[PDB]
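K.L.:
Contents of entry.cif (mmCIF, C-alpha atoms and all ligand atoms) are below:
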```cif
data_final
#
loop_
_atom_site.group_PDB
_atom_site.id
_atom_site.type_symbol
_atom_site.label_atom_id
_atom_site.label_comp_id
_atom_site.auth_asym_id
_atom_site.auth_seq_id
_atom_site.Cartn_x
_atom_site.Cartn_y
_atom_site.Cartn_z
ATOM 1 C CA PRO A 1 58.309 65.417 115.473
ATOM 2 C CA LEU A 2 62.157 64.905 115.620
ATOM 3 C CA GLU A 3 63.090 65.180 111.911
ATOM 4 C CA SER A 4 61.157 68.469 111.467
ATOM 5 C CA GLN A 5 62.413 70.033 114.762
ATOM 6 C CA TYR A 6 66.209 69.701 114.071
ATOM 7 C CA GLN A 7 68.287 69.896 110.894
ATOM 8 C CA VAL A 8 71.005 67.268 110.441
ATOM 9 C CA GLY A 9 74.516 68.136 109.272
ATOM 10 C CA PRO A 10 77.845 66.269 109.063
ATOM 11 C CA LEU A 11 78.747 63.309 111.254
ATOM 12 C CA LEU A 12 81.002 64.611 114.021
ATOM 13 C CA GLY A 13 82.247 61.169 115.047
ATOM 14 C CA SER A 14 81.458 57.615 116.030
ATOM 15 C CA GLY A 15 82.738 54.875 118.278
ATOM 16 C CA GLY A 16 81.732 53.045 121.466
ATOM 17 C CA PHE A 17 79.291 55.889 122.231
ATOM 18 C CA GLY A 18 77.314 55.576 118.903
ATOM 19 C CA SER A 19 77.214 58.264 116.219
ATOM 20 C CA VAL A 20 77.101 61.960 116.789
ATOM 21 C CA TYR A 21 76.040 64.517 114.170
ATOM 22 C CA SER A 22 76.221 68.254 113.871
ATOM 23 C CA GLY A 23 72.765 69.773 114.025
ATOM 24 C CA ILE A 24 70.667 72.920 114.145
ATOM 25 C CA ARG A 25 67.453 73.455 116.110
ATOM 26 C CA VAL A 26 65.142 75.011 113.465
ATOM 27 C CA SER A 27 63.035 76.600 116.252
ATOM 28 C CA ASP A 28 65.868 78.801 117.738
ATOM 29 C CA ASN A 29 68.674 78.284 115.095
ATOM 30 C CA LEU A 30 70.659 76.858 118.058
ATOM 31 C CA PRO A 31 73.680 74.716 117.236
ATOM 32 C CA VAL A 32 73.260 71.224 118.676
ATOM 33 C CA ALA A 33 74.800 67.752 118.549
ATOM 34 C CA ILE A 34 72.647 64.713 117.832
ATOM 35 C CA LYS A 35 73.714 61.419 119.453
ATOM 36 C CA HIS A 36 72.295 58.098 118.265
ATOM 37 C CA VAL A 37 72.635 55.134 120.590
ATOM 38 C CA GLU A 38 71.590 51.626 119.511
ATOM 39 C CA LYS A 39 69.413 49.857 122.132
ATOM 40 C CA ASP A 40 71.294 46.572 121.527
ATOM 41 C CA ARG A 41 74.521 48.245 122.618
ATOM 42 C CA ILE A 42 73.331 49.748 125.947
ATOM 43 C CA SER A 43 74.825 47.804 128.884
ATOM 44 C CA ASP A 44 73.148 49.922 131.613
ATOM 45 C CA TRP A 45 69.581 51.382 131.786
ATOM 46 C CA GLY A 46 67.808 53.761 134.271
ATOM 47 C CA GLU A 47 64.237 55.057 134.992
ATOM 48 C CA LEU A 48 62.049 58.188 135.373
ATOM 49 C CA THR A 49 59.944 55.052 131.565
ATOM 50 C CA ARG A 50 63.079 52.917 130.833
ATOM 51 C CA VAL A 51 66.005 55.029 129.410
ATOM 52 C CA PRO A 52 69.805 54.871 128.891
ATOM 53 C CA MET A 53 71.744 55.870 131.984
ATOM 54 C CA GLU A 54 73.250 58.811 130.114
ATOM 55 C CA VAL A 55 69.752 60.403 130.064
ATOM 56 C CA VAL A 56 69.237 59.956 133.803
ATOM 57 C CA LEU A 57 72.720 61.291 134.616
ATOM 58 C CA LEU A 58 72.495 64.257 132.282
ATOM 59 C CA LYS A 59 69.143 65.399 133.744
ATOM 60 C CA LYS A 60 70.677 65.252 137.212
ATOM 61 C CA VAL A 61 73.462 67.641 136.081
ATOM 62 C CA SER A 62 71.705 69.823 133.426
ATOM 63 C CA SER A 63 70.031 72.051 136.010
ATOM 64 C CA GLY A 64 72.051 75.299 136.127
ATOM 65 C CA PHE A 65 75.108 76.457 134.175
ATOM 66 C CA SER A 66 78.226 74.305 134.053
ATOM 67 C CA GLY A 67 81.222 72.727 132.436
ATOM 68 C CA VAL A 68 79.049 69.814 131.300
ATOM 69 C CA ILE A 69 77.230 69.606 127.995
ATOM 70 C CA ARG A 70 73.477 69.882 128.557
ATOM 71 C CA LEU A 71 70.845 67.440 127.476
ATOM 72 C CA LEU A 72 68.439 69.641 125.563
ATOM 73 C CA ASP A 73 65.975 66.936 124.571
ATOM 74 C CA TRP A 74 65.754 63.226 123.855
ATOM 75 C CA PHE A 75 63.701 60.807 121.732
ATOM 76 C CA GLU A 76 63.054 57.098 121.694
ATOM 77 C CA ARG A 77 62.906 55.161 118.422
ATOM 78 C CA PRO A 78 62.199 51.480 117.778
ATOM 79 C CA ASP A 79 65.920 50.454 117.952
ATOM 80 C CA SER A 80 67.798 53.556 119.059
ATOM 81 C CA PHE A 81 67.689 56.563 121.420
ATOM 82 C CA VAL A 82 68.432 60.045 120.166
ATOM 83 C CA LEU A 83 69.891 62.698 122.445
ATOM 84 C CA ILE A 84 70.027 66.380 121.644
ATOM 85 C CA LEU A 85 72.987 68.151 123.244
ATOM 86 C CA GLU A 86 74.623 71.599 123.346
ATOM 87 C CA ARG A 87 77.086 72.227 120.527
ATOM 88 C CA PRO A 88 79.597 75.019 121.109
ATOM 89 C CA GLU A 89 80.813 76.863 118.061
ATOM 90 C CA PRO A 90 83.644 77.007 117.179
ATOM 91 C CA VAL A 91 84.795 73.888 119.072
ATOM 92 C CA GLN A 92 87.671 71.358 119.212
ATOM 93 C CA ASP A 93 88.095 68.410 121.546
ATOM 94 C CA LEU A 94 91.144 68.098 123.726
ATOM 95 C CA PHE A 95 92.389 64.963 121.973
ATOM 96 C CA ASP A 96 92.548 66.772 118.630
ATOM 97 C CA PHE A 97 93.830 69.905 120.320
ATOM 98 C CA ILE A 98 96.747 67.984 121.882
ATOM 99 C CA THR A 99 97.352 65.803 118.793
ATOM 100 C CA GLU A 100 97.815 69.131 116.858
ATOM 101 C CA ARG A 101 99.686 71.449 119.290
ATOM 102 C CA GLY A 102 101.628 68.814 121.253
ATOM 103 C CA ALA A 103 102.375 69.247 124.950
ATOM 104 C CA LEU A 104 100.698 72.300 126.494
ATOM 105 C CA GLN A 105 102.293 75.202 128.302
ATOM 106 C CA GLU A 106 101.651 74.878 132.017
ATOM 107 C CA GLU A 107 99.606 78.065 132.256
ATOM 108 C CA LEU A 108 97.202 76.599 129.724
ATOM 109 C CA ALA A 109 97.157 73.074 131.254
ATOM 110 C CA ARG A 110 96.444 74.753 134.594
ATOM 111 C CA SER A 111 93.490 76.661 133.193
ATOM 112 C CA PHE A 112 92.064 73.590 131.440
ATOM 113 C CA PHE A 113 92.705 71.290 134.377
ATOM 114 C CA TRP A 114 91.023 73.598 136.876
ATOM 115 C CA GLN A 115 87.919 73.793 134.734
ATOM 116 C CA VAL A 116 87.778 70.018 134.488
ATOM 117 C CA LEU A 117 87.957 69.843 138.271
ATOM 118 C CA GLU A 118 85.110 72.343 138.621
ATOM 119 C CA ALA A 119 83.040 70.233 136.275
ATOM 120 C CA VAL A 120 83.764 66.923 137.968
ATOM 121 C CA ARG A 121 82.970 68.499 141.374
ATOM 122 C CA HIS A 122 79.735 69.746 139.944
ATOM 123 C CA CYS A 123 78.856 66.232 138.769
ATOM 124 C CA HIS A 124 79.690 64.664 142.147
ATOM 125 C CA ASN A 125 77.725 67.338 143.901
ATOM 126 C CA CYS A 126 74.706 66.313 141.749
ATOM 127 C CA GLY A 127 75.157 62.582 142.520
ATOM 128 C CA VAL A 128 76.785 61.655 139.156
ATOM 129 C CA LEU A 129 80.040 59.767 138.528
ATOM 130 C CA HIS A 130 81.494 60.217 134.969
ATOM 131 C CA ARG A 131 83.883 57.161 134.808
ATOM 132 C CA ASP A 132 85.580 58.045 131.525
ATOM 133 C CA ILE A 133 87.375 61.351 132.161
ATOM 134 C CA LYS A 134 89.942 61.694 129.334
ATOM 135 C CA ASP A 135 91.040 64.055 126.479
ATOM 136 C CA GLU A 136 88.420 62.692 124.000
ATOM 137 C CA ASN A 137 85.622 63.584 126.447
ATOM 138 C CA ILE A 138 86.498 67.243 126.944
ATOM 139 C CA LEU A 139 85.429 69.981 124.540
ATOM 140 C CA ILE A 140 87.018 73.391 124.204
ATOM 141 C CA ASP A 141 84.781 76.294 123.179
ATOM 142 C CA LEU A 142 87.555 78.121 121.294
ATOM 143 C CA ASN A 143 86.100 81.683 121.704
ATOM 144 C CA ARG A 144 85.237 81.700 125.385
ATOM 145 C CA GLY A 145 88.000 79.288 126.481
ATOM 146 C CA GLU A 146 85.509 77.065 128.275
ATOM 147 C CA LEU A 147 85.848 73.318 128.713
ATOM 148 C CA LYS A 148 82.783 71.060 128.717
ATOM 149 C CA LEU A 149 82.550 67.374 129.736
ATOM 150 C CA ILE A 150 80.843 64.971 127.376
ATOM 151 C CA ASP A 151 79.817 61.303 127.156
ATOM 152 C CA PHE A 152 78.129 60.096 130.296
ATOM 153 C CA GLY A 153 77.466 56.696 128.698
ATOM 154 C CA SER A 154 79.851 54.839 131.095
ATOM 155 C CA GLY A 155 78.703 56.872 134.134
ATOM 156 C CA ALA A 156 76.872 55.872 137.275
ATOM 157 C CA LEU A 157 75.062 57.253 140.188
ATOM 158 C CA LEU A 158 77.658 58.260 142.740
ATOM 159 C CA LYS A 159 77.812 56.027 145.762
ATOM 160 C CA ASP A 160 80.148 55.385 148.686
ATOM 161 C CA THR A 161 80.482 51.622 148.312
ATOM 162 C CA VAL A 162 82.705 49.781 145.834
ATOM 163 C CA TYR A 163 82.134 49.535 142.069
ATOM 164 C CA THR A 164 82.794 46.160 140.402
ATOM 165 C CA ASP A 165 81.892 47.030 136.785
ATOM 166 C CA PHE A 166 83.944 49.364 134.558
ATOM 167 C CA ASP A 167 83.245 50.322 130.951
ATOM 168 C CA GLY A 168 85.624 53.254 130.460
ATOM 169 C CA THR A 169 89.091 53.495 128.942
ATOM 170 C CA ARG A 170 91.705 50.968 130.121
ATOM 171 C CA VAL A 171 94.820 53.227 130.061
ATOM 172 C CA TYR A 172 92.883 55.796 132.192
ATOM 173 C CA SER A 173 91.826 53.044 134.692
ATOM 174 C CA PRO A 174 93.343 52.785 138.105
ATOM 175 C CA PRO A 175 95.549 49.982 139.248
ATOM 176 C CA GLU A 176 92.941 48.771 141.800
ATOM 177 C CA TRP A 177 90.649 48.069 138.832
ATOM 178 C CA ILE A 178 93.370 46.223 136.882
ATOM 179 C CA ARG A 179 94.393 43.914 139.760
ATOM 180 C CA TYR A 180 91.091 43.397 141.749
ATOM 181 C CA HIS A 181 88.220 44.601 139.539
ATOM 182 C CA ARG A 182 87.137 46.947 142.347
ATOM 183 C CA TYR A 183 87.295 50.695 142.934
ATOM 184 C CA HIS A 184 85.654 53.636 144.663
ATOM 185 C CA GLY A 185 84.322 56.481 142.531
ATOM 186 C CA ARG A 186 86.238 59.510 143.770
ATOM 187 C CA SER A 187 89.648 57.955 144.100
ATOM 188 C CA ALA A 188 89.311 56.334 140.648
ATOM 189 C CA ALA A 189 88.275 59.707 139.239
ATOM 190 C CA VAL A 190 91.359 61.267 140.806
ATOM 191 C CA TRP A 191 93.572 58.608 139.191
ATOM 192 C CA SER A 192 92.164 59.400 135.794
ATOM 193 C CA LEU A 193 92.640 63.126 136.352
ATOM 194 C CA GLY A 194 96.316 62.303 137.107
ATOM 195 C CA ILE A 195 96.460 60.615 133.698
ATOM 196 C CA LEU A 196 94.739 63.621 132.085
ATOM 197 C CA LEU A 197 97.141 66.141 133.557
ATOM 198 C CA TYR A 198 100.157 64.149 132.392
ATOM 199 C CA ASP A 199 98.590 63.980 128.941
ATOM 200 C CA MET A 200 98.173 67.761 128.916
ATOM 201 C CA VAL A 201 101.711 68.614 129.960
ATOM 202 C CA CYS A 202 103.510 65.850 127.978
ATOM 203 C CA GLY A 203 101.277 65.493 124.904
ATOM 204 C CA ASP A 204 100.734 61.776 125.626
ATOM 205 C CA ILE A 205 99.539 59.328 128.269
ATOM 206 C CA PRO A 206 101.974 57.924 130.806
ATOM 207 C CA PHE A 207 101.025 54.189 130.699
ATOM 208 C CA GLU A 208 100.395 52.068 127.692
ATOM 209 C CA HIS A 209 100.035 48.517 129.114
ATOM 210 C CA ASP A 210 98.744 46.996 132.372
ATOM 211 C CA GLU A 211 102.200 46.236 133.766
ATOM 212 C CA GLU A 212 103.031 49.949 133.641
ATOM 213 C CA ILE A 213 99.730 50.876 135.340
ATOM 214 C CA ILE A 214 100.235 48.367 138.129
ATOM 215 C CA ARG A 215 103.838 49.621 138.659
ATOM 216 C CA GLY A 216 102.738 53.289 138.621
ATOM 217 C CA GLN A 217 106.136 54.868 137.906
ATOM 218 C CA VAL A 218 106.040 58.075 135.881
ATOM 219 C CA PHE A 219 108.876 59.120 133.550
ATOM 220 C CA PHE A 220 108.697 62.605 132.046
ATOM 221 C CA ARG A 221 109.925 62.941 128.400
ATOM 222 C CA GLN A 222 109.230 66.674 128.390
ATOM 223 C CA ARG A 223 110.334 69.534 130.653
ATOM 224 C CA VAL A 224 107.702 69.930 133.402
ATOM 225 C CA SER A 225 107.887 72.002 136.592
ATOM 226 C CA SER A 226 108.626 70.145 139.819
ATOM 227 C CA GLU A 227 105.306 71.379 141.321
ATOM 228 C CA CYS A 228 103.367 69.874 138.436
ATOM 229 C CA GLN A 229 105.222 66.534 138.639
ATOM 230 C CA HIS A 230 104.420 66.423 142.383
ATOM 231 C CA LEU A 231 100.677 66.805 141.764
ATOM 232 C CA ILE A 232 100.755 64.269 138.985
ATOM 233 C CA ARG A 233 102.496 61.662 141.165
ATOM 234 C CA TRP A 234 100.161 62.390 143.995
ATOM 235 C CA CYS A 235 97.038 61.718 141.817
ATOM 236 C CA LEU A 236 98.740 58.535 140.491
ATOM 237 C CA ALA A 237 99.483 57.097 143.951
ATOM 238 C CA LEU A 238 99.005 53.344 143.759
ATOM 239 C CA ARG A 239 97.036 53.177 146.977
ATOM 240 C CA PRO A 240 93.708 55.077 146.572
ATOM 241 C CA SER A 241 93.817 56.443 150.153
ATOM 242 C CA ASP A 242 97.189 58.126 149.277
ATOM 243 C CA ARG A 243 95.526 60.145 146.513
ATOM 244 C CA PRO A 244 94.303 63.654 147.065
ATOM 245 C CA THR A 245 90.737 64.843 147.435
ATOM 246 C CA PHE A 246 89.495 67.451 144.962
ATOM 247 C CA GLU A 247 89.971 69.974 147.722
ATOM 248 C CA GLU A 248 93.627 69.060 148.029
ATOM 249 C CA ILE A 249 94.117 69.125 144.256
ATOM 250 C CA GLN A 250 92.697 72.645 144.017
ATOM 251 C CA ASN A 251 94.749 73.899 146.975
ATOM 252 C CA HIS A 252 97.937 72.435 145.524
ATOM 253 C CA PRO A 253 100.684 75.043 144.772
ATOM 254 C CA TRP A 254 100.751 74.269 141.030
ATOM 255 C CA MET A 255 97.052 75.159 140.905
ATOM 256 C CA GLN A 256 97.606 78.752 142.201
ATOM 257 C CA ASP A 257 96.755 81.781 139.985
ATOM 258 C CA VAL A 258 94.589 80.110 137.428
ATOM 259 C CA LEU A 259 93.568 82.241 134.468
ATOM 260 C CA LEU A 260 89.895 82.844 133.757
ATOM 261 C CA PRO A 261 88.530 81.090 130.647
ATOM 262 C CA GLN A 262 88.232 84.327 128.670
ATOM 263 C CA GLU A 263 91.896 85.394 129.365
ATOM 264 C CA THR A 264 92.971 81.829 128.461
ATOM 265 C CA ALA A 265 91.335 82.097 125.035
ATOM 266 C CA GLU A 266 92.908 85.515 124.239
ATOM 267 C CA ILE A 267 96.411 84.296 125.051
ATOM 268 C CA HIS A 268 96.382 80.666 123.949
ATOM 269 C CA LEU A 269 93.490 80.184 121.563
ATOM 270 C CA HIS A 270 92.971 83.439 119.472
HETATM 271 CL CL1 LIG A 301 80.571 69.309 119.234
HETATM 272 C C1 LIG A 301 79.906 68.078 120.283
HETATM 273 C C2 LIG A 301 78.761 68.347 121.203
HETATM 274 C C3 LIG A 301 78.338 67.365 121.942
HETATM 275 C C4 LIG A 301 79.002 66.008 121.854
HETATM 276 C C5 LIG A 301 80.009 65.780 121.055
HETATM 277 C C6 LIG A 301 80.474 66.941 120.199
HETATM 278 N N1 LIG A 301 80.680 64.491 120.944
HETATM 279 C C7 LIG A 301 81.803 64.463 119.988
HETATM 280 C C8 LIG A 301 82.466 63.178 119.555
HETATM 281 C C9 LIG A 301 83.206 63.350 118.230
HETATM 282 C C10 LIG A 301 84.524 64.113 118.403
HETATM 283 C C11 LIG A 301 84.417 65.484 117.666
HETATM 284 C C12 LIG A 301 85.753 66.065 117.236
HETATM 285 C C13 LIG A 301 86.528 64.924 116.575
HETATM 286 N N2 LIG A 301 86.865 63.869 117.534
HETATM 287 C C14 LIG A 301 85.681 63.157 117.968
HETATM 288 C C15 LIG A 301 80.158 63.455 121.819
HETATM 289 C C16 LIG A 301 80.704 62.075 121.890
HETATM 290 C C17 LIG A 301 80.144 61.213 122.697
HETATM 291 N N3 LIG A 301 78.990 61.592 123.563
HETATM 292 C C18 LIG A 301 78.508 62.761 123.526
HETATM 293 C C19 LIG A 301 79.148 63.740 122.590
HETATM 294 O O1 LIG A 301 78.483 64.998 122.674
#
```
Using structure tokens, write down the structure from this file.

P.N.:
Amino acid sequence: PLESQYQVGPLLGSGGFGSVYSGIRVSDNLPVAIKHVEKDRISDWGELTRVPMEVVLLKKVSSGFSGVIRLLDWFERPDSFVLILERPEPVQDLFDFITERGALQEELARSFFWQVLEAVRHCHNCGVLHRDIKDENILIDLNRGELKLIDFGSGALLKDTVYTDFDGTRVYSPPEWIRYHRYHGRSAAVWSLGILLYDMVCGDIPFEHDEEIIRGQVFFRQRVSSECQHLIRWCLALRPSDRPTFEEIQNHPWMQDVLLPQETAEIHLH
């Protein structure tokens, strides 16, 4: 019943993930996003009924409220899967937000960064590893000031042993991946959060090529508080065991006195 149950609007974007369209549920009038994924181009499948991993992972996290975009429904077709997802309104992704406004005031980066951490914790707590945390995978609900994680298509079940496959973004990938093709979930996630935070406070990523990643030296082109630079360098420690846990990130001095999402919208987004 898919074509009667939702009403298709403009293409929101396309890339490695497939094609994603703006939509309306005709039932509720609810704004949704409609993601089409070609079966040919799915590396990794899961089960409940053989499905894309994204579907497994999203069901594991979609129980309860969160900073992750919910799987509302899904459909199989002969050559594609179709996923129905929350669409916040109005909305802008963090990539476009940063491309437009440049480097972000710390107070705002702090608010955004905290929310990302809450969301990643929530995922890990549900047994899910994202594997592609970056600006293009974070949405900002502009009215409520709430960040939501998207695109679980490179994700895995969380586990405590090493991962030897990676299908996320190279410049967000830790040096242990680049040199040895091995990493552990949590410490690789922390590396990529280090990259994210630098991107927030400088308006751009710290490392462009592999040689820079491997070397792991951070130069700041923008004025950034010494507390913030400390946290960034800590998350981008070359040795994974030298990186902080999520607990240590959230207890870090730069993370004190976070604004609530609502107060963050009033000040920085309205
Ligand atoms: Cl509104 C919304 C809801 C749920 C979404 C997505 C968007 N997207 C958005 C991707 C396109 C962006 C939009 C802005 C311009 N830059 C590119 C998405 C991408 C990949 N997997 C799941 C997704 O789920």

K.L.:
Return as a PyMOL selection string every polymer residue, whether protein, DNA or RNA, with at least one atom no more than 8 Å from an atom of ligand LIG 301 (chain A); count only C-alpha atoms and all ligand atoms.

P.N.:
chain A and resi 12-14+17-22+32-35+69+85-89+91-93+95-96+136-137+139+150-153

K.L.:
Please evaluate the PyMOL selection byres (((chain A and resi 216) around 12) and not hetatm) against the displayed coordinates and give the resulting residues as a ChimeraX atom specification.

P.N.:
/A:171,173-176,178,191,194-195,206-215,217-219,232-239

K.L.:
Tell me, as a list in words, which residues lie within 12 Å of residue 99 (chain A), counting all atoms listed in the file; anything in the same chain fewer than 4 positions away does not count.

P.N.:
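The neighbour list is residues 92, 93, 94, 95, 103, 104, 135, 136, 199, 200, 202, 203, 204 and 205 of chain A.
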
K.L.:
What's the 12 Å shell around residue 225 (chain A), counting all atoms listed in the file, without same-chain residues fewer than 2 positions away, as a list in words?

P.N.:
residues 105, 106, 107, 110, 198, 201, 202, 220, 222, 223, 227, 228, 229, 230, 231, 232, 253 and 254 of chain A

K.L.:
When you draw a straight line from CA of residue 7 (chain A) to CA of residue 269 (chain A), how long is it in Å?

P.N.:
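Computing it gives 29.2 Å between the two atoms.
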
K.L.:
Using the chain letters and numbers from the file, which residues does the PyMOL selection byres (((chain A and resi 50-58) around 8) and not hetatm) grab, as a PDB file with C-alpha atoms, in the frame of the given file?

P.N.:
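To be explicit, this is the file written out as expr12.pdb:
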```
ATOM      1  CA  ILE A  42      73.331  49.748 125.947  1.00  0.00           C
ATOM      2  CA  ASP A  44      73.148  49.922 131.613  1.00  0.00           C
ATOM      3  CA  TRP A  45      69.581  51.382 131.786  1.00  0.00           C
ATOM      4  CA  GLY A  46      67.808  53.761 134.271  1.00  0.00           C
ATOM      5  CA  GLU A  47      64.237  55.057 134.992  1.00  0.00           C
ATOM      6  CA  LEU A  48      62.049  58.188 135.373  1.00  0.00           C
ATOM      7  CA  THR A  49      59.944  55.052 131.565  1.00  0.00           C
ATOM      8  CA  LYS A  59      69.143  65.399 133.744  1.00  0.00           C
ATOM      9  CA  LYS A  60      70.677  65.252 137.212  1.00  0.00           C
ATOM     10  CA  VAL A  61      73.462  67.641 136.081  1.00  0.00           C
ATOM     11  CA  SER A  62      71.705  69.823 133.426  1.00  0.00           C
ATOM     12  CA  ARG A  70      73.477  69.882 128.557  1.00  0.00           C
ATOM     13  CA  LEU A  71      70.845  67.440 127.476  1.00  0.00           C
ATOM     14  CA  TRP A  74      65.754  63.226 123.855  1.00  0.00           C
ATOM     15  CA  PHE A  81      67.689  56.563 121.420  1.00  0.00           C
ATOM     16  CA  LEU A  83      69.891  62.698 122.445  1.00  0.00           C
ATOM     17  CA  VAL A 128      76.785  61.655 139.156  1.00  0.00           C
ATOM     18  CA  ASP A 151      79.817  61.303 127.156  1.00  0.00           C
ATOM     19  CA  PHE A 152      78.129  60.096 130.296  1.00  0.00           C
ATOM     20  CA  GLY A 153      77.466  56.696 128.698  1.00  0.00           C
ATOM     21  CA  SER A 154      79.851  54.839 131.095  1.00  0.00           C
ATOM     22  CA  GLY A 155      78.703  56.872 134.134  1.00  0.00           C
ATOM     23  CA  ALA A 156      76.872  55.872 137.275  1.00  0.00           C
ATOM     24  CA  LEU A 157      75.062  57.253 140.188  1.00  0.00           C
TER      25      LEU A 157
END
```

K.L.:
Please produce region 226-240 of chain A, completed to N, CA and C atoms, as a PDB file, keeping the file's coordinate frame.

P.N.:
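After the write, result.pdb holds the following:
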```
ATOM      1  N   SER A 226     108.553  71.168 138.778  1.00  0.00           N
ATOM      2  CA  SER A 226     108.626  70.145 139.819  1.00  0.00           C
ATOM      3  C   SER A 226     107.303  70.143 140.586  1.00  0.00           C
ATOM      4  N   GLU A 227     106.610  71.278 140.646  1.00  0.00           N
ATOM      5  CA  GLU A 227     105.306  71.379 141.321  1.00  0.00           C
ATOM      6  C   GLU A 227     104.277  70.533 140.600  1.00  0.00           C
ATOM      7  N   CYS A 228     104.281  70.627 139.273  1.00  0.00           N
ATOM      8  CA  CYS A 228     103.367  69.874 138.436  1.00  0.00           C
ATOM      9  C   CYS A 228     103.598  68.353 138.499  1.00  0.00           C
ATOM     10  N   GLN A 229     104.870  67.946 138.509  1.00  0.00           N
ATOM     11  CA  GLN A 229     105.222  66.534 138.639  1.00  0.00           C
ATOM     12  C   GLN A 229     104.781  66.001 140.016  1.00  0.00           C
ATOM     13  N   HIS A 230     104.848  66.846 141.052  1.00  0.00           N
ATOM     14  CA  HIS A 230     104.420  66.423 142.383  1.00  0.00           C
ATOM     15  C   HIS A 230     102.922  66.077 142.413  1.00  0.00           C
ATOM     16  N   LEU A 231     102.112  66.982 141.868  1.00  0.00           N
ATOM     17  CA  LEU A 231     100.677  66.805 141.764  1.00  0.00           C
ATOM     18  C   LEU A 231     100.335  65.587 140.942  1.00  0.00           C
ATOM     19  N   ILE A 232     101.027  65.410 139.830  1.00  0.00           N
ATOM     20  CA  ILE A 232     100.755  64.269 138.985  1.00  0.00           C
ATOM     21  C   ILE A 232     101.010  62.966 139.739  1.00  0.00           C
ATOM     22  N   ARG A 233     102.128  62.890 140.431  1.00  0.00           N
ATOM     23  CA  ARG A 233     102.496  61.662 141.165  1.00  0.00           C
ATOM     24  C   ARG A 233     101.575  61.419 142.346  1.00  0.00           C
ATOM     25  N   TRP A 234     101.129  62.497 142.959  1.00  0.00           N
ATOM     26  CA  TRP A 234     100.161  62.390 143.995  1.00  0.00           C
ATOM     27  C   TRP A 234      98.812  61.786 143.491  1.00  0.00           C
ATOM     28  N   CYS A 235      98.274  62.275 142.375  1.00  0.00           N
ATOM     29  CA  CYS A 235      97.038  61.718 141.817  1.00  0.00           C
ATOM     30  C   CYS A 235      97.197  60.290 141.347  1.00  0.00           C
ATOM     31  N   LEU A 236      98.407  59.922 140.920  1.00  0.00           N
ATOM     32  CA  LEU A 236      98.740  58.535 140.491  1.00  0.00           C
ATOM     33  C   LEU A 236      99.394  57.651 141.579  1.00  0.00           C
ATOM     34  N   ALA A 237      99.179  57.988 142.846  1.00  0.00           N
ATOM     35  CA  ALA A 237      99.483  57.097 143.951  1.00  0.00           C
ATOM     36  C   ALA A 237      98.778  55.777 143.768  1.00  0.00           C
ATOM     37  N   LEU A 238      99.518  54.698 143.969  1.00  0.00           N
ATOM     38  CA  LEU A 238      99.005  53.344 143.759  1.00  0.00           C
ATOM     39  C   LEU A 238      97.891  52.986 144.729  1.00  0.00           C
ATOM     40  N   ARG A 239      98.071  53.338 145.989  1.00  0.00           N
ATOM     41  CA  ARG A 239      97.036  53.177 146.977  1.00  0.00           C
ATOM     42  C   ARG A 239      96.032  54.331 146.843  1.00  0.00           C
ATOM     43  N   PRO A 240      94.733  54.024 146.688  1.00  0.00           N
ATOM     44  CA  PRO A 240      93.708  55.077 146.572  1.00  0.00           C
ATOM     45  C   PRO A 240      93.644  56.104 147.726  1.00  0.00           C
TER      46      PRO A 240
END
```
